[PDB]
Every structure is written in C-alpha cells, then in structure tokens.
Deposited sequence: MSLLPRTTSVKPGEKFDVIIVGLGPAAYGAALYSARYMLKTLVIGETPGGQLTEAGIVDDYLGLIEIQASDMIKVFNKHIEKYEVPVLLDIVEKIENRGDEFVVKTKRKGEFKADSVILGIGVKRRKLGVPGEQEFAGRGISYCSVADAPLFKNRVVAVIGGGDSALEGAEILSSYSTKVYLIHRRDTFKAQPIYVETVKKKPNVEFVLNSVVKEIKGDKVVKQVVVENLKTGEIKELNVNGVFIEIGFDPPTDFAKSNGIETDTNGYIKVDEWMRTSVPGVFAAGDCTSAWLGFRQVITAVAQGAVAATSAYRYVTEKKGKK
C-alpha cells in the first residue's frame, strides 16, 4: 500500500481485536488496511494461552502467527506503524512514518498499555516466573507459593483465582488500603491462604533460572522480608488511550476508555472500536472477547460503509 490510497476500512492496531476485525472486514469484501505498531499486542508478553477455545495450550507467539496467517489468507495489507491522527475531511488516517491514508470508516483496536512496575529482577526473570496475567497463568501455579503485586480490581481478582490454585498468595501493595471494590477485598480477606502485605513494595525479584524469592520492604516501618515464591504476578493495571481519544475527538467514559455502544460504535459516526481500549466489558481483558468485539466492529463498519 502507498500513501494516499483509499480503503473502505482502516483498522488501527495489531492485537486480537484488530485481527478479529480484519478477518470479518476482509470477508465482507471491504477493502481493508490494518495499521498497527506491535504484532500481537499484549500477547507479545504472554506465555501459553489456554483459554481461547479450540487452540489448546498454544504458545502466545504461535497464536500471533496463526492469527496473522488467517487474515493474510484474505490478503489484508498490514502496515507496521503508529497512527497519530484521525481526521474527518471521509477519514484521513495519519501515520508516524508511512504517510496519510484515506478511509470511509475506521476501527480502533488500540488496546491498553500495561502500567509498568520496573523493579530489579523483572527483566531478568521475564518468562521465568513472572506473569502479567493471573487469570491466564494461575492454572500453572497449582500448589506453588506466589506473590501478586497491585491493589486494584486486577490484583484482587488475581489473588482470588491464585488463592484457589496456589499454596498461598502474598498480595503486596504500596498503599495502606486496597483501592479495589469492597466485595473483592472482602472475598479475598476470607481466604486463609492469602496474606495482605500492605504499605509495601517489592525491592527485588530473585532466582536462579526461575524466580525463587521476592524481597519486600514496608514503606512505613522499613522492615525488609524475603519471601520464597515460585511466581510473581504483576497486576498494577493498564492505561486506556484517553489521550489518543481526546486528541481525535472521540468520547471517553469516565474511566478513560473509548466509549462504545453495543455495536462497537464510538461517538464519531464511522469510527468503531473493539477490544480492551473500549468501555465494553470493562475490566475483562481476554483474547476471546477482543476477537469477538472485532467481529462486531467490522460488522458495524460494513453496515456503515455499505449504507453510506
């Protein structure tokens, strides 16, 4: 593809939502272009995916490869770049390096960016005991001692599921209280194998070939503890693309996510959204639901383009 080319739909992103939307957009015979920065999106940080029905215990890297093969069967052009602006003048989609493209409709599958922690040992033990998704990996830590870092809904829900599989969960958070919804806190509080480690931070993640310990510091007392753990789940949340939405005149909900209706329509006619950047099923971040929302957004774009 070249700058200035016009498409029926431009899909922004290259994660599950974008792949799901591209598959349906191409099969609807919409001239489709996908522009995304990172192939696979959040899946680039995942290990094995075993909750996408029908792809049993698949390495996330292989899931990305087969999702790409599926849309390439339909010859969907994929441009690796960052979309900076979406202007209505038809739409003109401006990219950082590869020019401006035109479209009758746009589907945003831009996801959310993981809030970074960055503690010593985190890079060293990537894929070696550290996980960024408790609901995905909890089944892999049956009868192991684990730590969850975080204090919102993501971390409390993570501690709840890990409490079911694991020996014990140390739930570590830097504040004096959790910010999670009260029922999540109360539910986890009643688990005898979950220990709250409030007012604390992880100073270091240590191990040999795999994670073996976390050094924890209490910010109020200075007390330092070394906990022996086999897994560390970093669950500090994700940042929605509020700035991108605001910059491009797209409404966001009061949580900062792109507001969509049932049919994945944003506040801008002709612009749809799918996946975890949206307000739909907020808080539930899964491959299957992003792929499904992509199918719905493609169907809404199809109806919009054909009726236009």
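- Taking the first deposited residue as 1, the stretches without any C-alpha atom are 1-9, 99-100, 320-323.
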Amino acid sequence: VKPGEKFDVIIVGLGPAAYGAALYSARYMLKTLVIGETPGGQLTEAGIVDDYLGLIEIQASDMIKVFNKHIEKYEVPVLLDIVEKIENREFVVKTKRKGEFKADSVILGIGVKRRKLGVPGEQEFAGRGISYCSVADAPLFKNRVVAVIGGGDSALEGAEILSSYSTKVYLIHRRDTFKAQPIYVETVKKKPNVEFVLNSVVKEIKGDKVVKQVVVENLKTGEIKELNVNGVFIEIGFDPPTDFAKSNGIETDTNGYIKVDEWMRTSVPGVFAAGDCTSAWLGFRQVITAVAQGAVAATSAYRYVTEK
From here on, numbers count along this sequence of modelled residues.
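- Between 165-173 and 134-142, the higher mean Cα B-factor belongs to 134-142.
- When 204-212 is weighed against 70-78, 204-212 comes out higher, by mean CA B-factor as recorded in the entry.
- When the C-alpha B-factors of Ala103, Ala159, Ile224, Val112 are ranked from the entry, the top spot goes to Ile224.
- Across the options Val194, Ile86, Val229, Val148, the residue with the most elevated CA B-factor in the record is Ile86.
- Among all modelled residues in its chain, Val185 ranks in the highest third by Cα B-factor.
- Placement of the Cα temperature factor of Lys246 within the chain: highest third of the modelled residues, per the deposited record.
- When the CA B factors of the chain's modelled residues are split into thirds, the value for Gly283 lands in the highest one.
- Among all modelled residues in this chain, the alpha-carbon of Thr254 has a temperature factor (C-alpha) in the highest third.
- Sort the modelled residues of the chain by CA B factor and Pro269 lands in the middle third.
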